[PDB]
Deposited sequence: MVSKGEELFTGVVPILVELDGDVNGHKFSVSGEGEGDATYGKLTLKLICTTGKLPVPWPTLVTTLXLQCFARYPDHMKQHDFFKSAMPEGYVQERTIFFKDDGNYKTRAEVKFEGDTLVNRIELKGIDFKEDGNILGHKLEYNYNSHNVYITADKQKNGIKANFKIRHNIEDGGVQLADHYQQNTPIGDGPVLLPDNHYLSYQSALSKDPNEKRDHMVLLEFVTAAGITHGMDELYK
């Protein structure tokens, strides 16, 4: 239960991320490593496109490329589904609707493989406008804070989430991305089904000045809230 999940994330945990995607026909792959410290609701990753140049803005992949590292306050630990599902893990599926543009559909499996927390993903994007903010690469290289609204999904012994990302556009404006999320345990064991709450996210995108490959250094701070 609480102690079981808390134990698996007691200190700093190594992370591995793998993604294969296809957006409007452009195939690409991303691989990344890093670590997370749920004690501080912190996570840091260096993600690299191993197929060359990324066909879409890096910011559009931030949400796809580890909610188990969220910092749940003591009074809210009974609501931490993500950690309660470990190490077996859970599948995280999403559909992302980019306002007035295409959409991504993703499926990921996150769980431990030894001492390492792994996130393997498959992404498919369709109907993007060649001249849009996505394929046109018109999004600024940055990120804002958002809240991930969560509710239990007892039918699937998991949870559902919904939130809208605001991607700042170069020279002004915002490109919204509506996220519909579903998380289902991989195992058949018992999990912590939560009462409604949300995860408060804050992220910063950076670059490794010495790296030649197309990449993204991502930093996230996550804290659960919404319950007194």
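Trainee: Deposited sequence versus model: which ranges have no CA atoms?
Mentor: Missing from the model are residues 66, 230 to 237.
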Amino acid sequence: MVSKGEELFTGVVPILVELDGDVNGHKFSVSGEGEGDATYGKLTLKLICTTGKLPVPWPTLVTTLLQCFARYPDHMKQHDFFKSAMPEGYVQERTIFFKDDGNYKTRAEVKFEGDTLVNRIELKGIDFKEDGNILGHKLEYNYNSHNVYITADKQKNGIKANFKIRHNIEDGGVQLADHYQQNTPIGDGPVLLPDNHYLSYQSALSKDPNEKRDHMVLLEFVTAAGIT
From here on, numbers count along this sequence of modelled residues.
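Trainee: Using only the Cα atoms and their B-factors as the entry lists them, report which of 36 to 44 and 194 to 202 averages higher.
Mentor: The entry gives the higher C-alpha B-factor average to 36 to 44.
Trainee: Mean Cα B factor from the PDB record: higher for 54 to 62, or higher for 185 to 193?
Mentor: Per the PDB entry, the higher value belongs to 185 to 193.
Trainee: Just the C-alpha B-factor column, please: which of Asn142, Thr95, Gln92, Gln155 has the biggest number?
Mentor: It is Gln155.
Trainee: Determine, from the deposited record, the chain-internal third of the Cα B-factor for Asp22: lowest, middle or highest.
Mentor: Highest third.
Trainee: Taking the values exactly as deposited, rank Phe128 by C-alpha B-factor within its chain and report the matching third: lowest, middle or highest.
Mentor: Highest third - that is where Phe128 ends up once the chain's C-alpha B-factors are sorted.
Trainee: Can you tell me whether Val2 has a C-alpha B-factor in the lowest, middle or highest third compared with the other modelled residues of the same chain?
Mentor: Ranked within chain, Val2 CA B lands in the highest tercile.
Trainee: For the chain shown, is the CA B-factor of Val148 in the lowest, middle or highest third of its modelled residues?
Mentor: According to the entry, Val148 has a C-alpha B-factor in the chain's lowest third.
Trainee: What third of its chain, lowest, middle or highest, does the C-alpha temperature factor of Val222 fall into?
Mentor: Lowest third.
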